[PDB]
Amino acid sequence: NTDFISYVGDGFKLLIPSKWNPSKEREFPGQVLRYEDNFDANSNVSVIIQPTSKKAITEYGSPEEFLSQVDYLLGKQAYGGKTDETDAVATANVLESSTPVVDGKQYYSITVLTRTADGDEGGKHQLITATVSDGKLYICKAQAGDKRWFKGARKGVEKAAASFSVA
């Protein structure tokens, strides 16, 4: 494919926008992959693998309950407490979620919009595909900031997360 490359990792595969390149940056425990846009590193895709005692992704609860448990993925947060400050995520809204079964395996698909507190109202769409297989939790997160999301990056970001498949 001209628009995407096929990436096969340790027990998973996905499509990645073909103009993106690998990054050594690792934000999350168990992160095994990062690819990003050369021009805007906020357009990126990450894969995380961790041990779990769960047998299926649905044992984490609903997609929102799952997100609650893995919201470290969204980055540092701010909770708007009483005051007398950083670029932390201040809002996080699930726009869409679903629980597709594909080739016999159950996935969660979650679309999250995050924004920082004040500042430039820098928003990100963070798209999560997650599943459990062979005693491990597999998470793929693709994202773009507002500037790229509305200037051509959307199709590729959505495809990256949607294409995530675990053997």
Side-chain angles (χ1 to χ4, degrees), residues 1 3-18 20 26-37 42-79 88-116 123-146 148-150 152-167:
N1 188 278
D3 293 347
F4 298 88
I5 62 142
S6 176
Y7 184 96
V8 180
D10 185 10
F12 66 88
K13 64 181 178 186
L14 73 158
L15 296 173
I16 306 182
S18 63
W20 294 9
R26 294 291 180 272
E27 296 181 282
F28 315 115
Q31 186 173 0
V32 300
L33 186 61
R34 184 182 165 102
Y35 268 66
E36 70 190 25
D37 181 354
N42 289 310
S43 291
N44 65 65
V45 61
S46 305
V47 177
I48 295 86
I49 307 179
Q50 294 165 2
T52 184
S53 57
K54 275 81 173 167
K55 292 313 204 195
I57 192 72
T58 49
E59 291 173 49
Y60 283 94
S62 70
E64 289 79 17
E65 288 165 338
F66 170 72
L67 179 61
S68 185
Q69 290 169 80
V70 301
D71 75 353
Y72 65 83
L73 291 169
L74 302 181
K76 177 190 183 164
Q77 290 187 65
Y79 298 98
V89 166
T91 66
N93 290 87
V94 171
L95 305 182
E96 199 141 278
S97 68
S98 63
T99 64
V101 178
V102 183
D103 295 355
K105 186 167 295 299
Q106 169 91 68
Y107 296 79
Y108 277 3
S109 170
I110 312 172
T111 297
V112 192
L113 180 58
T114 62
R115 205 167 307 278
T116 54
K124 292 170 175 69
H125 285 75
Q126 306 201 44
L127 314 187
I128 294 164
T129 301
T131 191
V132 171
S133 188
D134 198 24
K136 293 172 266 67
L137 173 62
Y138 290 81
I139 305 171
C140 176
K141 184 178 70 77
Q143 66 163 55
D146 290 336
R148 295 296 312 145
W149 179 264
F150 288 113
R154 179 173 179 171
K155 181 182 143 41
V157 167
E158 293 180 349
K159 188 56 161 178
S163 69
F164 187 64
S165 176
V166 173

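Numbering of residues begins at 1 and proceeds along the displayed sequence.
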Please find the pair of heavy atoms, one from [X] and one from [Y], that lie closest to each other, and give the distance.
X	Y	value
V112	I110	CG2-CG2, 3.8 Å
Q31	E27	OE1-N, 2.7 Å
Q77	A88	C-CB, 3.5 Å
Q143	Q126	OE1-OE1, 3.3 Å
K136	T52	C-CG2, 3.6 Å

Starting at [atom1] of [X], measure out to [atom2] of [Y] and round the result to the nearest 0.5 Å.
X	Y	atom1	atom2	result
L73	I139	CG	CD1	5.0 Å
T116	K124	OG1	NZ	7.0 Å
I16	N44	CD1	CG	10.5 Å
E64	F66	CD	CZ	11.5 Å
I57	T129	CD1	OG1	10.5 Å
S62	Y108	OG	OH	6.5 Å

Does a side-chain heavy-atom distance below 4.5 Å link [X] with [Y]?
X	Y	value
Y35	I5	yes
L113	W149	no
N1	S6	no
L14	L33	yes

Is [X] reaching over with its side chain to a backbone N or O of [Y], donor-acceptor style, under 3.5 angstrom?
X	Y	answer
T131	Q106	yes
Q50	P29	yes
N93	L95	no
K105	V102	no
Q69	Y60	yes

Looking at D10, I'd like to know if its CG atom is crowded, meaning that more than 12 non-hydrogen atoms belonging to other residues, nucleotides or ligands lie closer than 6.0 Å.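 Open: at most 12 neighbouring heavy atoms sit under 6.0 Å from CG of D10.
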Counting heavy atoms not belonging to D134, are there more than 12 under 6.0 Å from its CG?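 Count not over threshold, so no.
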Please list, chain by chain and in numerical order, all residues satisfying side-chain hydrogen bond (donor to acceptor under 3.5 Å, both in side chains) with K13, sequence neighbours excluded.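 Checked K13 against side-chain hydrogen bond (donor to acceptor under 3.5 Å, both in side chains); zero matches.
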Mind listing the side-chain donor-acceptor pairs of residues 158-167 below 3.5 Å, one per line with the distance, residues two or more places apart or on another chain?
| from | atom 1 | to | atom 2 | distance (Å) |
| --- | --- | --- | --- | --- |
| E158 | OE2 | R154 | NE | 2.9 |
| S163 | OG | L15 | N | 2.8 |
| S163 | OG | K159 | O | 3.1 |
| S163 | OG | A160 | O | 2.9 |

